[PDB]
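Peer 1: Contents are TSV, C-alpha atoms and all ligand atoms; file name run-v8.tsv:
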chain	number	residue	atom	x	y	z
A	1	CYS	CA	-53.55	-39.02	53.62
A	2	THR	CA	-51.96	-35.81	52.63
A	3	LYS	CA	-50.53	-33.94	55.67
A	4	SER	CA	-52.76	-30.82	55.25
A	5	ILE	CA	-55.23	-29.65	57.87
A	6	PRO	CA	-57.73	-31.23	57.13
A	7	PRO	CA	-56.13	-34.31	55.42
A	8	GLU	CA	-57.22	-35.53	52.10
A	9	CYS	CA	-57.39	-39.32	52.19
B	1	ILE	CA	-43.92	-33.12	63.29
B	2	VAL	CA	-44.12	-36.33	65.54
B	3	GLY	CA	-40.93	-37.04	67.69
B	4	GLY	CA	-39.26	-33.72	66.85
B	5	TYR	CA	-37.86	-30.89	68.90
B	6	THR	CA	-38.68	-27.15	69.25
B	7	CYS	CA	-36.65	-25.44	66.58
B	8	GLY	CA	-36.06	-22.14	68.33
B	9	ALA	CA	-37.33	-18.76	67.07
B	10	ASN	CA	-35.82	-17.52	63.73
B	11	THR	CA	-33.76	-20.78	63.39
B	12	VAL	CA	-35.58	-21.84	60.12
B	13	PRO	CA	-36.03	-18.35	58.48
B	14	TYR	CA	-37.41	-19.78	55.18
B	15	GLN	CA	-40.33	-21.62	56.83
B	16	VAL	CA	-43.78	-20.03	56.08
B	17	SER	CA	-47.25	-20.73	57.43
B	18	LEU	CA	-50.18	-20.71	55.05
B	19	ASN	CA	-53.10	-19.20	56.80
B	20	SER	CA	-56.90	-18.88	56.06
B	21	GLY	CA	-58.09	-17.79	59.54
B	22	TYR	CA	-56.03	-20.84	60.76
B	23	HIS	CA	-52.74	-22.58	59.87
B	24	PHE	CA	-53.42	-25.34	57.25
B	25	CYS	CA	-50.11	-25.88	55.34
B	26	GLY	CA	-46.51	-24.75	55.50
B	27	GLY	CA	-44.26	-23.64	52.66
B	28	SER	CA	-40.77	-22.31	51.85
B	29	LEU	CA	-39.64	-18.86	50.83
B	30	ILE	CA	-37.35	-19.33	47.83
B	31	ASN	CA	-36.97	-15.62	47.03
B	32	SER	CA	-38.51	-12.32	48.27
B	33	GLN	CA	-41.71	-12.72	46.33
B	34	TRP	CA	-42.19	-16.48	45.90
B	35	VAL	CA	-43.09	-19.39	48.09
B	36	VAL	CA	-43.03	-23.18	47.24
B	37	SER	CA	-45.70	-25.39	48.78
B	38	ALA	CA	-47.70	-28.52	47.95
B	39	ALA	CA	-50.39	-28.47	45.19
B	40	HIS	CA	-52.87	-30.23	47.54
B	41	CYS	CA	-52.63	-27.11	49.86
B	42	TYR	CA	-54.21	-24.92	47.15
B	43	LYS	CA	-57.20	-22.82	48.15
B	44	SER	CA	-58.53	-19.39	47.59
B	45	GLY	CA	-57.78	-16.68	50.07
B	46	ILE	CA	-54.32	-17.61	51.32
B	47	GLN	CA	-52.34	-15.32	53.58
B	48	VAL	CA	-48.67	-16.15	53.81
B	49	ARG	CA	-47.18	-15.64	57.24
B	50	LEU	CA	-43.40	-15.17	57.31
B	51	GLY	CA	-41.07	-14.86	60.31
B	52	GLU	CA	-43.37	-16.92	62.59
B	53	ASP	CA	-42.46	-19.07	65.66
B	54	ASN	CA	-45.58	-19.05	67.94
B	55	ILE	CA	-48.36	-19.00	65.31
B	56	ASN	CA	-50.96	-17.93	67.92
B	57	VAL	CA	-49.17	-14.88	69.36
B	58	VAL	CA	-47.78	-11.76	67.57
B	59	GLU	CA	-44.27	-11.76	69.07
B	60	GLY	CA	-42.41	-9.43	66.82
B	61	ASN	CA	-40.86	-10.68	63.60
B	62	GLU	CA	-43.92	-11.50	61.55
B	63	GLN	CA	-44.92	-10.39	58.04
B	64	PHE	CA	-48.39	-11.24	56.85
B	65	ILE	CA	-48.59	-10.98	53.01
B	66	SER	CA	-51.55	-12.05	50.82
B	67	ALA	CA	-50.87	-14.44	48.00
B	68	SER	CA	-51.26	-12.71	44.62
B	69	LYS	CA	-51.26	-15.98	42.56
B	70	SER	CA	-51.18	-19.72	43.32
B	71	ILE	CA	-49.72	-21.74	40.43
B	72	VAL	CA	-50.51	-25.40	40.88
B	73	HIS	CA	-48.41	-27.67	38.66
B	74	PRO	CA	-50.64	-28.21	35.50
B	75	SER	CA	-50.08	-32.03	35.76
B	76	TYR	CA	-50.82	-32.34	39.49
B	77	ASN	CA	-52.91	-35.47	40.03
B	78	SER	CA	-54.96	-35.38	43.21
B	79	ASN	CA	-55.38	-39.14	43.20
B	80	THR	CA	-51.83	-40.25	42.93
B	81	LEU	CA	-50.37	-36.97	44.33
B	82	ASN	CA	-47.97	-37.05	41.44
B	83	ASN	CA	-46.51	-33.54	40.80
B	84	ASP	CA	-47.53	-32.23	44.15
B	85	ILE	CA	-45.98	-28.75	43.98
B	86	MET	CA	-47.40	-25.25	43.85
B	87	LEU	CA	-45.73	-21.88	43.56
B	88	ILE	CA	-47.29	-18.86	45.36
B	89	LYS	CA	-46.48	-15.31	44.27
B	90	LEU	CA	-46.68	-12.72	47.07
B	91	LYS	CA	-48.67	-9.58	46.58
B	92	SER	CA	-45.69	-7.70	47.86
B	93	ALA	CA	-42.03	-8.64	48.38
B	94	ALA	CA	-40.94	-9.79	51.82
B	95	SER	CA	-38.32	-7.93	53.91
B	96	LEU	CA	-35.40	-10.25	53.97
B	97	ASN	CA	-33.04	-10.19	56.85
B	98	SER	CA	-31.92	-12.53	59.67
B	99	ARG	CA	-35.28	-13.74	60.93
B	100	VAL	CA	-36.76	-14.06	57.40
B	101	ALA	CA	-34.61	-15.48	54.53
B	102	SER	CA	-34.93	-17.61	51.39
B	103	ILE	CA	-33.77	-21.21	50.87
B	104	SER	CA	-31.77	-22.32	47.78
B	105	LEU	CA	-33.08	-24.61	45.12
B	106	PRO	CA	-30.92	-27.76	44.54
B	107	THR	CA	-28.66	-28.21	41.52
B	108	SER	CA	-28.60	-31.97	41.92
B	109	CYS	CA	-30.87	-34.47	43.68
B	110	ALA	CA	-29.85	-35.88	47.03
B	111	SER	CA	-28.46	-39.34	47.69
B	112	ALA	CA	-29.97	-41.90	50.07
B	113	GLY	CA	-28.63	-41.47	53.60
B	114	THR	CA	-28.39	-37.62	53.34
B	115	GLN	CA	-29.57	-36.06	56.55
B	116	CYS	CA	-32.27	-33.41	56.19
B	117	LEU	CA	-34.22	-30.97	58.40
B	118	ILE	CA	-37.99	-31.16	58.23
B	119	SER	CA	-39.97	-28.45	60.12
B	120	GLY	CA	-43.62	-27.50	60.68
B	121	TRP	CA	-46.56	-26.68	62.96
B	122	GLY	CA	-48.30	-30.02	62.26
B	123	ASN	CA	-49.69	-32.56	64.62
B	124	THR	CA	-47.10	-33.93	67.15
B	125	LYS	CA	-49.07	-37.13	68.03
B	126	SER	CA	-49.23	-40.38	66.02
B	127	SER	CA	-52.46	-41.45	67.76
B	128	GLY	CA	-54.24	-38.27	68.58
B	129	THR	CA	-54.18	-34.60	67.74
B	130	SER	CA	-51.93	-32.08	69.49
B	131	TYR	CA	-50.97	-29.00	67.51
B	132	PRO	CA	-48.00	-26.90	68.71
B	133	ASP	CA	-47.87	-23.23	69.07
B	134	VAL	CA	-44.18	-22.99	68.11
B	135	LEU	CA	-42.22	-24.45	65.20
B	136	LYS	CA	-41.04	-28.06	65.47
B	137	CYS	CA	-37.94	-29.50	63.75
B	138	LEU	CA	-36.79	-33.05	62.96
B	139	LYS	CA	-33.64	-34.49	61.39
B	140	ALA	CA	-34.30	-37.35	58.96
B	141	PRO	CA	-32.47	-39.36	56.30
B	142	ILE	CA	-33.59	-39.73	52.74
B	143	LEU	CA	-34.27	-43.51	52.39
B	144	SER	CA	-33.40	-45.64	49.35
B	145	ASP	CA	-35.65	-46.05	46.47
B	146	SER	CA	-36.07	-49.71	47.01
B	147	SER	CA	-37.12	-49.28	50.65
B	148	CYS	CA	-39.52	-46.51	49.59
B	149	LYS	CA	-41.12	-48.70	46.86
B	150	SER	CA	-41.23	-51.67	49.22
B	151	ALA	CA	-43.07	-49.54	51.81
B	152	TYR	CA	-45.60	-48.19	49.22
B	153	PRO	CA	-45.92	-50.74	46.34
B	154	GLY	CA	-47.29	-49.18	43.14
B	155	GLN	CA	-47.50	-45.74	44.73
B	156	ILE	CA	-44.03	-44.08	44.43
B	157	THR	CA	-43.44	-42.14	41.19
B	158	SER	CA	-40.09	-40.67	39.99
B	159	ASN	CA	-41.17	-37.39	41.57
B	160	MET	CA	-41.30	-38.78	45.05
B	161	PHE	CA	-38.94	-39.98	47.76
B	162	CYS	CA	-39.34	-41.30	51.32
B	163	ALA	CA	-37.59	-39.79	54.30
B	164	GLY	CA	-37.85	-40.71	57.96
B	165	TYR	CA	-37.54	-43.87	60.06
B	166	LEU	CA	-38.87	-47.34	59.42
B	167	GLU	CA	-38.86	-48.00	63.17
B	168	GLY	CA	-41.61	-45.37	63.42
B	169	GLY	CA	-41.95	-42.64	66.11
B	170	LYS	CA	-40.54	-39.66	64.20
B	171	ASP	CA	-42.29	-38.19	61.07
B	172	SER	CA	-44.06	-35.19	59.51
B	173	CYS	CA	-47.85	-35.24	60.20
B	174	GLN	CA	-51.08	-33.26	59.37
B	175	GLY	CA	-50.41	-29.56	59.28
B	176	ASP	CA	-46.83	-30.03	58.03
B	177	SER	CA	-47.87	-30.29	54.33
B	178	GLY	CA	-46.17	-28.11	51.87
B	179	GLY	CA	-43.28	-27.41	54.20
B	180	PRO	CA	-39.50	-27.86	53.62
B	181	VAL	CA	-37.13	-30.80	53.59
B	182	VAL	CA	-33.81	-29.09	53.50
B	183	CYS	CA	-30.56	-31.01	52.96
B	184	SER	CA	-27.11	-29.35	52.93
B	185	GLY	CA	-28.76	-25.87	52.73
B	186	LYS	CA	-30.81	-26.81	49.64
B	187	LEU	CA	-34.63	-27.45	49.42
B	188	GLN	CA	-34.89	-31.08	48.32
B	189	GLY	CA	-38.38	-31.96	49.26
B	190	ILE	CA	-41.85	-30.77	50.05
B	191	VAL	CA	-43.99	-32.51	52.68
B	192	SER	CA	-46.69	-34.33	50.80
B	193	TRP	CA	-48.21	-37.62	52.13
B	194	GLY	CA	-47.98	-40.98	53.94
B	195	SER	CA	-50.04	-43.69	55.66
B	196	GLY	CA	-50.63	-42.00	58.95
B	197	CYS	CA	-47.72	-40.44	60.79
B	198	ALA	CA	-44.76	-42.09	62.41
B	199	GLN	CA	-46.03	-45.66	61.74
B	200	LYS	CA	-43.62	-48.62	61.53
B	201	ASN	CA	-42.49	-49.18	57.94
B	202	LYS	CA	-44.60	-46.31	56.59
B	203	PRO	CA	-42.14	-43.39	56.21
B	204	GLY	CA	-43.26	-39.98	54.95
B	205	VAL	CA	-43.33	-39.37	51.20
B	206	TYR	CA	-42.11	-36.13	49.79
B	207	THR	CA	-42.17	-34.26	46.48
B	208	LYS	CA	-38.75	-34.44	44.86
B	209	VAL	CA	-37.94	-30.79	44.19
B	210	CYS	CA	-34.73	-31.40	42.08
B	211	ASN	CA	-37.08	-32.75	39.32
B	212	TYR	CA	-38.82	-29.39	39.23
B	213	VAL	CA	-36.03	-26.82	39.21
B	214	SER	CA	-36.46	-25.88	35.46
B	215	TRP	CA	-40.26	-25.75	35.86
B	216	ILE	CA	-39.96	-23.43	38.90
B	217	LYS	CA	-37.44	-21.15	37.17
B	218	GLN	CA	-39.38	-20.85	33.90
B	219	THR	CA	-42.69	-20.26	35.64
B	220	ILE	CA	-41.31	-17.60	37.98
B	221	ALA	CA	-39.64	-16.02	34.92
B	222	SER	CA	-43.00	-15.80	33.18
B	223	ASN	CA	-45.09	-14.32	36.07
C	301	CA	CA	-46.51	-15.17	65.91
What would you get if you wrote out this structure as structure tokens?

Peer 2:
Amino acid sequence: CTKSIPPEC
Amino acid sequence: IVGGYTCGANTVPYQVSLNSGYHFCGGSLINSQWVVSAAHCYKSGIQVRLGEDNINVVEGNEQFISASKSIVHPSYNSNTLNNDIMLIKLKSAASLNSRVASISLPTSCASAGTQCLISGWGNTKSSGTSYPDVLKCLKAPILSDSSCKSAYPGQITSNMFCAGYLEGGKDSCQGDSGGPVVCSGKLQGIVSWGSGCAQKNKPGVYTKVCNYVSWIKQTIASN
């Protein structure tokens, strides 16, 4: 997952 | 940031928060009008918040500036996360001073074993969700290429590196994306991805900014 809020897995 | 420490107000003056009615990514101020963040943080309606420590309270040194343009790298690949970098132009220049300041771009890539500072308002729990109010910092080494490729077989491109600890327990996590990995006063990396946060043998992967210095300069020069 990316570490963005929300994550993109 | 999992296993980190409270930075202290104004101690990381180049750290920005990307806000859309909530904090969703960090970034780095590289000059008075431009911020560097991750391409997967792109979205319409970004407000850049500079000089922040407690992101939930107006304490004093803040500057809220709308993004004028978000330039995602034209070869960004959302599947592989190759070329995960985005430039944001501010609608208006920031007021630079002590509490708000830019970070330098590198002239050379960094060697394995270089110690770096990673900061952000991301999740502080490996199993769970606990978001801080104030900025969190963490010191971490850039790991070797071979350990990075061994940890993520088939997944590490030339534009990536791993930083952190293979023992687990200290890492960047959700919310930290797009923020800075600074080594020797130069921005070397951008928080990008990983398998979870702070897991054994799954260090964080980061966009390798030294491969993009000509791109950044030419783009900024053009806009
Ligand atoms: Ca604040």

Peer 1: Could you list, as number ranges by chain, all residues that come within 7 Å of ligand CA 301 (chain C)? Count only C-alpha atoms and all ligand atoms.

Peer 2: B: 52-59, 62

Peer 1: Would you put the residues from that selection into a file with C-alpha atoms, as an mmCIF file, keeping the file's coordinate frame?

Peer 2:
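Saved to again.cif:
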data_model
loop_
_atom_site.group_PDB
_atom_site.id
_atom_site.type_symbol
_atom_site.label_atom_id
_atom_site.label_comp_id
_atom_site.auth_asym_id
_atom_site.auth_seq_id
_atom_site.Cartn_x
_atom_site.Cartn_y
_atom_site.Cartn_z
ATOM 1 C CA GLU B 52 -43.370 -16.920 62.590
ATOM 2 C CA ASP B 53 -42.460 -19.070 65.660
ATOM 3 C CA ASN B 54 -45.580 -19.050 67.940
ATOM 4 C CA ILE B 55 -48.360 -19.000 65.310
ATOM 5 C CA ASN B 56 -50.960 -17.930 67.920
ATOM 6 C CA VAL B 57 -49.170 -14.880 69.360
ATOM 7 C CA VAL B 58 -47.780 -11.760 67.570
ATOM 8 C CA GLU B 59 -44.270 -11.760 69.070
ATOM 9 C CA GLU B 62 -43.920 -11.500 61.550
#

Peer 1: Near chain A, which residues of chain B fall within 6 Å when you count all atoms listed in the file, and what do they look like as a compact mmCIF listing (two decimals) with C-alpha atoms, keeping the file's coordinate frame?

Peer 2:
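Now in out-v3.txt:
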# COMPACT_ATOMS: atom_id res chain seq x y z
CA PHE B 24 -53.42 -25.34 57.25
CA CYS B 25 -50.11 -25.88 55.34
CA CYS B 173 -47.85 -35.24 60.20
CA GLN B 174 -51.08 -33.26 59.37
CA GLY B 175 -50.41 -29.56 59.28
CA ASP B 176 -46.83 -30.03 58.03
CA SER B 177 -47.87 -30.29 54.33
CA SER B 192 -46.69 -34.33 50.80
CA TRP B 193 -48.21 -37.62 52.13
CA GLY B 194 -47.98 -40.98 53.94

Peer 1: Quick one: pull the distance between atom CA of residue 156 of chain B and atom CA of residue 109 of chain B, Å, one decimal.

Peer 2: 16.3 Å

Peer 1: Could you check which residues have any atom within 12 Å of (-46.8, -27.5, 62.2), counting all atoms listed in the file with coordinates taken straight from the file, and then list them as a ChimeraX atom specification?

Peer 2: /A:3-5 /B:1-2,4-7,15-19,22-27,52-56,118-125,129-138,171-180,191

Peer 1: Could you take the residues named above and write them with C-alpha atoms, as a tab-separated table (two decimals), keeping the file's coordinate frame?

Peer 2:
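Output (result32.tsv):
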chain	number	residue	atom	x	y	z
A	3	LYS	CA	-50.53	-33.94	55.67
A	4	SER	CA	-52.76	-30.82	55.25
A	5	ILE	CA	-55.23	-29.65	57.87
B	1	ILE	CA	-43.92	-33.12	63.29
B	2	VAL	CA	-44.12	-36.33	65.54
B	4	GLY	CA	-39.26	-33.72	66.85
B	5	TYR	CA	-37.86	-30.89	68.90
B	6	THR	CA	-38.68	-27.15	69.25
B	7	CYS	CA	-36.65	-25.44	66.58
B	15	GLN	CA	-40.33	-21.62	56.83
B	16	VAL	CA	-43.78	-20.03	56.08
B	17	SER	CA	-47.25	-20.73	57.43
B	18	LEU	CA	-50.18	-20.71	55.05
B	19	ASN	CA	-53.10	-19.20	56.80
B	22	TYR	CA	-56.03	-20.84	60.76
B	23	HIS	CA	-52.74	-22.58	59.87
B	24	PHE	CA	-53.42	-25.34	57.25
B	25	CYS	CA	-50.11	-25.88	55.34
B	26	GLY	CA	-46.51	-24.75	55.50
B	27	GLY	CA	-44.26	-23.64	52.66
B	52	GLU	CA	-43.37	-16.92	62.59
B	53	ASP	CA	-42.46	-19.07	65.66
B	54	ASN	CA	-45.58	-19.05	67.94
B	55	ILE	CA	-48.36	-19.00	65.31
B	56	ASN	CA	-50.96	-17.93	67.92
B	118	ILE	CA	-37.99	-31.16	58.23
B	119	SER	CA	-39.97	-28.45	60.12
B	120	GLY	CA	-43.62	-27.50	60.68
B	121	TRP	CA	-46.56	-26.68	62.96
B	122	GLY	CA	-48.30	-30.02	62.26
B	123	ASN	CA	-49.69	-32.56	64.62
B	124	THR	CA	-47.10	-33.93	67.15
B	125	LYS	CA	-49.07	-37.13	68.03
B	129	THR	CA	-54.18	-34.60	67.74
B	130	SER	CA	-51.93	-32.08	69.49
B	131	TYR	CA	-50.97	-29.00	67.51
B	132	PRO	CA	-48.00	-26.90	68.71
B	133	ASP	CA	-47.87	-23.23	69.07
B	134	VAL	CA	-44.18	-22.99	68.11
B	135	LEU	CA	-42.22	-24.45	65.20
B	136	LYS	CA	-41.04	-28.06	65.47
B	137	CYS	CA	-37.94	-29.50	63.75
B	138	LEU	CA	-36.79	-33.05	62.96
B	171	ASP	CA	-42.29	-38.19	61.07
B	172	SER	CA	-44.06	-35.19	59.51
B	173	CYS	CA	-47.85	-35.24	60.20
B	174	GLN	CA	-51.08	-33.26	59.37
B	175	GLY	CA	-50.41	-29.56	59.28
B	176	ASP	CA	-46.83	-30.03	58.03
B	177	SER	CA	-47.87	-30.29	54.33
B	178	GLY	CA	-46.17	-28.11	51.87
B	179	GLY	CA	-43.28	-27.41	54.20
B	180	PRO	CA	-39.50	-27.86	53.62
B	191	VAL	CA	-43.99	-32.51	52.68

Peer 1: Would you mind reading off the distance between atom CA of residue 208 of chain B and atom CA of residue 41 of chain B, one decimal, in Å?

Peer 2: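 Going from atom CA of residue 208 of chain B over to atom CA of residue 41 of chain B covers 16.5 Å.
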